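The structure under discussion appears below in the form of structure tokens.
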Amino acid sequence: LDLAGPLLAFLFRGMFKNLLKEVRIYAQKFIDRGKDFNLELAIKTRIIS
Amino acid sequence: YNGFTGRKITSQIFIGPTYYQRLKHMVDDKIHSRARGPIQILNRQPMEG
Amino acid sequence: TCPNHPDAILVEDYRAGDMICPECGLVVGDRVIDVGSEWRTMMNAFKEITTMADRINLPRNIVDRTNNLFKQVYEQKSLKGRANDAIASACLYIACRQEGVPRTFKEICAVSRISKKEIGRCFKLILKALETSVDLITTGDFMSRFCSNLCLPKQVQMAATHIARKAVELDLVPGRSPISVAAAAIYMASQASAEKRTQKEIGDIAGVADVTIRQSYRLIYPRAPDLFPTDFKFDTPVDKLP
Amino acid sequence: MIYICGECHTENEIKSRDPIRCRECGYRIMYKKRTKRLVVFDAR
Amino acid sequence: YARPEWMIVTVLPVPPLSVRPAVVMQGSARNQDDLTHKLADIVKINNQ
Amino acid sequence: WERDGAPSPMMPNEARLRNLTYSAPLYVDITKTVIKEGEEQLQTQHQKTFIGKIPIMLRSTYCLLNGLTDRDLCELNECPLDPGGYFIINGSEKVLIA
Amino acid sequence: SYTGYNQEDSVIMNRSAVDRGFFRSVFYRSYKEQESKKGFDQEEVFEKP
Amino acid sequence: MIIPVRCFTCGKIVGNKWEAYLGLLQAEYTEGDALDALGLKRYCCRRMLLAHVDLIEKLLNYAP
Ligand SMILES: [Zn+2]
Ligand SMILES: [Zn+2]
Ligand SMILES: [Zn+2]
């Protein structure tokens, strides 16, 4: 039986992978541009929320 | 005893306290009539108004 | 359009959705009113705006106003050369200022990926293009957020708000940014109250350099007591302060 | 136009234009006051 | 009743306004039906 | 977060009344290390980086109505007999079916 | 089987008991309406027309 | 929520017996003994107090 926890844990990893993918994409743009990136700006908070 | 006439009923009636429930289904929530109502503009057919 | 009554205000009827002569009863139009429907009975910027709002935990109505402002400024295109992120930050600042919970340029820079200079430039450009204006910020607007980020009680918050309002009324801080005055009031209220805060924490929270805090504090330093609320309890006397 | 605060139950007259909020509480949930008009109930 | 040439669409009919009406949403902002949008695209390319 | 941006604890009844989502902010400690092939390493840590909000199941360890006595719940306009175990999502009480 | 009005899973209720509050209930319907300022041209507000 | 004024079945007054009924129970009376002390002979009226749930008490735990 998948209760609220395991069901929620199923969503979180998909949504956390998107978060980690998103910061990778955001950072790659700035790193290629030659300028360091701001971590706070790289994170898209709406992905998990 | 018969309420209308007061005469004893020949059969003796099983009577006692039983727990009854009123269900959400009321007739007022269900009764509805339609008579030359607000048809749709596109289909020219009946619709709720 | 009653044939008998030229120029008659037909009455809409919801029974069948028809307009009837107001004084004939004749039904003009069988069921044309459509009662049910009538009576109730460019991308990558909205996402970025939402991310900025989430980083501040600001409410969705401000986000909708920011999106509306962004759509507008994208319609005029009076600032096409500016980066989309800068325009989004300027729109967010404008919306926050308009709804009555203004933030500081440093509180949008800390969220956006641009510096305060571009945020201000785009703010001015948008205000010029949109032909709209925003009410001037007051020192009491930044009081609640500054004192909520800090662990100061509500009593200290009210004390600081009253100190700052009276100081600005008394012209003890002429021409100084309201944020510095708010920081100085918060500092004096915290030092006088049980819960004490140093200049560093207040500067970080309000984004004001400690030197500016000292400069704005020395102007109101001699007038500390009369700015405090009359009914104010404290453990460290207001009669002695650093 | 009296609104009762949901937190402190303060009656405060609020205009249509001005924002809805408790004058002293700061609470953001407001309840309208009961109508002064008289409504008849049959005790049936 | 039918000819092979008639199968080719040389002239495209336009459905009446009754077939495709102008819906009203968010006030007076007339919401054109999907057919109108395709019709708008058809006429634009046809003129071009 | 109010319009002015002032945070405040969200009671489950207020979420129900104002059609809010009963969500808790989520933060993560992020350590960033950068190497520039110059035999120097800079390691900067961003403590408590906001990453989202988790909807909270009522009367759970992370709910505000956790450990509150029945009298305390009544003060918050909460039914003590209410079992919790659901989420308030836009004011709607949502139950996760197993 | 009193008068035939309880046949086929029907019930005869006491009117006097109903008059006294027997199975009386309240029905609460809650209506929510929000005013949205989306769109510069249109701005809906609460006021009696 | 609150004790009915009348017994549903016969219309006997029951609304002035809930407080006495609770008092009698506090006096170690059995539920049947308390009902007999209160004059509730017909089981329809005994049903009224034996099966009553006084929710008005907990409803008053919420501040107006
Ligand atoms: Zn006429
Ligand atoms: Zn209040
Ligand atoms: Zn009885």
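By convention in this document, the chains of the structure tokens carry letters A, B, ... by their order, each chain's residues are numbered from 1, and ligands are numbered from 1 in the order they are shown.
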
Residues of chain G in helix (DSSP H, G or I), written as a list in words
residues 15, 16, 17, 18 and 19 of chain G

Keeping C-alpha atoms, export the residues of the selection given above as a PDB file, in the first residue's frame.
```pdb
ATOM      1  CA  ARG G  15     -46.045  14.378  11.249  1.00  0.00           C
ATOM      2  CA  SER G  16     -46.337  15.381  14.907  1.00  0.00           C
ATOM      3  CA  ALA G  17     -42.845  14.036  15.590  1.00  0.00           C
ATOM      4  CA  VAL G  18     -41.552  15.960  12.569  1.00  0.00           C
ATOM      5  CA  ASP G  19     -43.247  19.062  13.982  1.00  0.00           C
TER       6      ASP G  19
END
```

Within 12 Å of ligand 2 (counting only C-alpha atoms and all ligand atoms), which residues show up? I'd like them as a ChimeraX atom specification.
/D:3-12,20-31

Please save N, CA, C and O atoms of the selected residues as a JSON list (two decimals), in the first residue's frame.
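Writing done, so here's result-v9.json:
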```
[["chain", "number", "residue", "atom", "x", "y", "z"],
["D", 3, "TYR", "N", -17.55, 45.53, 10.02],
["D", 3, "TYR", "CA", -16.93, 44.22, 9.84],
["D", 3, "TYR", "C", -16.32, 43.77, 11.15],
["D", 3, "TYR", "O", -15.63, 44.54, 11.82],
["D", 4, "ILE", "N", -16.56, 42.51, 11.51],
["D", 4, "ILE", "CA", -16.05, 41.94, 12.75],
["D", 4, "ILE", "C", -14.78, 41.16, 12.42],
["D", 4, "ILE", "O", -14.77, 40.31, 11.53],
["D", 5, "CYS", "N", -13.70, 41.47, 13.14],
["D", 5, "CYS", "CA", -12.45, 40.75, 12.95],
["D", 5, "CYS", "C", -12.60, 39.31, 13.41],
["D", 5, "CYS", "O", -13.22, 39.02, 14.44],
["D", 6, "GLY", "N", -12.02, 38.39, 12.64],
["D", 6, "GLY", "CA", -12.07, 36.98, 13.01],
["D", 6, "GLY", "C", -11.14, 36.61, 14.15],
["D", 6, "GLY", "O", -11.36, 35.58, 14.79],
["D", 7, "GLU", "N", -10.13, 37.43, 14.42],
["D", 7, "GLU", "CA", -9.17, 37.16, 15.48],
["D", 7, "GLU", "C", -9.60, 37.77, 16.81],
["D", 7, "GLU", "O", -9.77, 37.05, 17.80],
["D", 8, "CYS", "N", -9.77, 39.09, 16.86],
["D", 8, "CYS", "CA", -10.09, 39.79, 18.09],
["D", 8, "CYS", "C", -11.55, 40.20, 18.20],
["D", 8, "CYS", "O", -11.97, 40.65, 19.27],
["D", 9, "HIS", "N", -12.33, 40.04, 17.13],
["D", 9, "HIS", "CA", -13.76, 40.36, 17.14],
["D", 9, "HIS", "C", -13.97, 41.85, 17.44],
["D", 9, "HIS", "O", -14.75, 42.24, 18.31],
["D", 10, "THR", "N", -13.26, 42.68, 16.69],
["D", 10, "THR", "CA", -13.36, 44.13, 16.78],
["D", 10, "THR", "C", -14.28, 44.62, 15.67],
["D", 10, "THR", "O", -14.07, 44.30, 14.49],
["D", 11, "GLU", "N", -15.30, 45.38, 16.05],
["D", 11, "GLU", "CA", -16.20, 45.98, 15.07],
["D", 11, "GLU", "C", -15.59, 47.28, 14.56],
["D", 11, "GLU", "O", -15.32, 48.20, 15.35],
["D", 12, "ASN", "N", -15.36, 47.36, 13.25],
["D", 12, "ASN", "CA", -14.75, 48.54, 12.65],
["D", 12, "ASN", "C", -15.45, 48.87, 11.35],
["D", 12, "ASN", "O", -15.64, 47.99, 10.50],
["D", 20, "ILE", "N", -9.44, 45.96, 3.25],
["D", 20, "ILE", "CA", -10.12, 45.22, 4.30],
["D", 20, "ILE", "C", -9.07, 44.64, 5.24],
["D", 20, "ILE", "O", -8.27, 43.79, 4.85],
["D", 21, "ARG", "N", -9.08, 45.10, 6.49],
["D", 21, "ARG", "CA", -8.11, 44.67, 7.47],
["D", 21, "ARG", "C", -8.51, 45.20, 8.84],
["D", 21, "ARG", "O", -9.10, 46.28, 8.95],
["D", 22, "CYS", "N", -8.21, 44.45, 9.90],
["D", 22, "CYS", "CA", -8.53, 44.90, 11.24],
["D", 22, "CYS", "C", -7.72, 46.15, 11.57],
["D", 22, "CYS", "O", -6.51, 46.20, 11.35],
["D", 23, "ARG", "N", -8.40, 47.17, 12.11],
["D", 23, "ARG", "CA", -7.74, 48.44, 12.37],
["D", 23, "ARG", "C", -6.61, 48.28, 13.39],
["D", 23, "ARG", "O", -5.53, 48.85, 13.22],
["D", 24, "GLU", "N", -6.86, 47.51, 14.45],
["D", 24, "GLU", "CA", -5.88, 47.32, 15.51],
["D", 24, "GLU", "C", -5.27, 45.93, 15.53],
["D", 24, "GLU", "O", -4.10, 45.78, 15.89],
["D", 25, "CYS", "N", -6.03, 44.90, 15.14],
["D", 25, "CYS", "CA", -5.50, 43.55, 15.14],
["D", 25, "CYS", "C", -4.56, 43.32, 13.97],
["D", 25, "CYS", "O", -3.54, 42.63, 14.11],
["D", 26, "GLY", "N", -4.87, 43.90, 12.82],
["D", 26, "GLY", "CA", -4.17, 43.58, 11.59],
["D", 26, "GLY", "C", -4.65, 42.32, 10.91],
["D", 26, "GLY", "O", -4.10, 41.96, 9.86],
["D", 27, "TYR", "N", -5.65, 41.64, 11.46],
["D", 27, "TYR", "CA", -6.14, 40.40, 10.89],
["D", 27, "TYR", "C", -6.80, 40.67, 9.55],
["D", 27, "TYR", "O", -7.33, 41.76, 9.30],
["D", 28, "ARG", "N", -6.78, 39.66, 8.67],
["D", 28, "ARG", "CA", -7.24, 39.82, 7.30],
["D", 28, "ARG", "C", -8.51, 39.03, 7.00],
["D", 28, "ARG", "O", -8.90, 38.95, 5.83],
["D", 29, "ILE", "N", -9.16, 38.46, 8.01],
["D", 29, "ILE", "CA", -10.44, 37.79, 7.85],
["D", 29, "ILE", "C", -11.49, 38.63, 8.56],
["D", 29, "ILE", "O", -11.41, 38.83, 9.77],
["D", 30, "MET", "N", -12.47, 39.11, 7.79],
["D", 30, "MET", "CA", -13.50, 40.00, 8.30],
["D", 30, "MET", "C", -14.86, 39.40, 8.04],
["D", 30, "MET", "O", -15.13, 38.87, 6.96],
["D", 31, "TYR", "N", -15.74, 39.49, 9.04],
["D", 31, "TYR", "CA", -17.11, 39.01, 8.93],
["D", 31, "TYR", "C", -18.05, 40.19, 8.97],
["D", 31, "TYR", "O", -17.89, 41.09, 9.80]]
```

Find the spatial neighbours of range 55-63 of chain H, counting only C-alpha atoms, within a cut-off of 8 Å - ignore same-chain residues fewer than 5 positions away - and output them as a PyMOL selection string.
(chain F and resi 71+74-75+77) or (chain H and resi 1-2)

Just the selected residues (N, CA, C and O atoms), exported as a PDB file, in the first residue's frame, please.
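Wrote it out as again04.pdb, contents follow:
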```pdb
ATOM      1  N   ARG F  71      -7.958  21.738  24.479  1.00  0.00           N
ATOM      2  CA  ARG F  71      -8.330  23.125  24.734  1.00  0.00           C
ATOM      3  C   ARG F  71      -7.613  24.066  23.778  1.00  0.00           C
ATOM      4  O   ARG F  71      -8.207  25.029  23.278  1.00  0.00           O
ATOM      5  N   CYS F  74      -9.335  24.038  20.402  1.00  0.00           N
ATOM      6  CA  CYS F  74     -10.556  24.833  20.400  1.00  0.00           C
ATOM      7  C   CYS F  74     -10.248  26.319  20.300  1.00  0.00           C
ATOM      8  O   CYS F  74     -10.988  27.064  19.649  1.00  0.00           O
ATOM      9  N   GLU F  75      -9.169  26.774  20.945  1.00  0.00           N
ATOM     10  CA  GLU F  75      -8.760  28.166  20.806  1.00  0.00           C
ATOM     11  C   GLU F  75      -8.456  28.514  19.356  1.00  0.00           C
ATOM     12  O   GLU F  75      -8.686  29.652  18.930  1.00  0.00           O
ATOM     13  N   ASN F  77     -10.017  27.257  16.840  1.00  0.00           N
ATOM     14  CA  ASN F  77     -11.205  26.906  16.065  1.00  0.00           C
ATOM     15  C   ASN F  77     -11.002  25.599  15.304  1.00  0.00           C
ATOM     16  O   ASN F  77     -11.411  25.460  14.151  1.00  0.00           O
TER      17      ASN F  77
ATOM     18  N   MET H   1     -28.082  18.837  19.070  1.00  0.00           N
ATOM     19  CA  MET H   1     -27.019  19.575  19.808  1.00  0.00           C
ATOM     20  C   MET H   1     -27.436  19.821  21.251  1.00  0.00           C
ATOM     21  O   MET H   1     -26.650  19.649  22.176  1.00  0.00           O
ATOM     22  N   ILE H   2     -28.690  20.221  21.431  1.00  0.00           N
ATOM     23  CA  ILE H   2     -29.237  20.550  22.736  1.00  0.00           C
ATOM     24  C   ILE H   2     -30.462  19.677  22.964  1.00  0.00           C
ATOM     25  O   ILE H   2     -31.080  19.175  22.025  1.00  0.00           O
TER      26      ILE H   2
END
```

CA of residue 47 in chain G to CA of residue 60 in chain C: how many Å, to one decimal?
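CA of residue 60 in chain C lies 23.5 Å from CA of residue 47 in chain G.
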
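Between CA of residue 142 in chain C and CA of residue 104 in chain C lies a distance of 8.5 Å.
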
Polymer residues at most 12 Å from residue 154 in chain C, only C-alpha atoms, same-chain spacing of 2 or more positions, as a VMD selection string:
(chain C and resid 143 to 148 150 to 152 156 to 161 186 189 to 190 193 195 232) or (chain D and resid 25 to 26)

Output the selection as a tab-separated table (two decimals), in the first residue's frame - C-alpha atoms for each residue.
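Output below, filename part26.tsv:
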```
chain	number	residue	atom	x	y	z
C	143	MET	CA	8.94	48.35	9.43
C	144	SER	CA	6.87	45.16	9.56
C	145	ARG	CA	9.08	43.10	7.23
C	146	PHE	CA	12.34	44.31	8.78
C	147	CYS	CA	11.14	43.55	12.31
C	148	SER	CA	9.63	40.20	11.27
C	150	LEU	CA	14.45	39.92	13.00
C	151	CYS	CA	13.12	38.19	16.11
C	152	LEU	CA	12.01	41.48	17.68
C	156	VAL	CA	9.54	46.69	19.72
C	157	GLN	CA	8.14	46.82	16.18
C	158	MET	CA	5.51	49.39	17.16
C	159	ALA	CA	8.10	51.35	19.13
C	160	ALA	CA	10.44	51.49	16.14
C	161	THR	CA	7.61	52.48	13.79
C	186	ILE	CA	15.11	49.48	14.70
C	189	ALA	CA	14.36	50.17	19.70
C	190	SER	CA	16.33	46.92	20.00
C	193	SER	CA	14.30	46.89	24.58
C	195	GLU	CA	16.16	41.96	22.87
C	232	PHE	CA	6.81	51.76	26.59
D	25	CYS	CA	-5.50	43.55	15.14
D	26	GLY	CA	-4.17	43.58	11.59
```
